[PDB]
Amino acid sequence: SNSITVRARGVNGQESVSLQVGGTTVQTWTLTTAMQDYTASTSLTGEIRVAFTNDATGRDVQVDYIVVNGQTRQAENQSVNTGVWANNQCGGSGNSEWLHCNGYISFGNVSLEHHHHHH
């Protein structure tokens, strides 16, 4: 199976995030206010999302990165972010660690390719 580690925190420790692969929720965790590693495994190979699902007063999520089969993908390097509050709206910008609104950061398919090298 594929190994995925999510490194994230909540601002008030009430925040819940889900690891979704190809649209399937693989695991769900309540965050602490400290950056912490959370790990899961799956044979699924679809698009990886880290999803904040329980937005409320005082709740926000900050994601550092994920690790996929030993490879770090930085949250700030991801072009899809549907939760960051920017330009006065949810998902206002790519390339952010933040999920303020309910939404997600997409980290790409489990398997990526470059010059016929698969990683």
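We number the residues from 1 along the sequence you see.
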query	finding
Residue range whose averaged C-alpha B-factor is higher in the record, 21-29 or 105-113	21-29
71-79 set against 34-42, stretch whose average Cα temperature factor tops the other in the entry	34-42
Assigned third (lowest, middle, highest) for the C-alpha B factor of residue 95	middle
Assigned third (lowest, middle, highest) for the C-alpha B factor of residue 54	highest
Chain thirds of CA B-factor: placement of residue 62	lowest
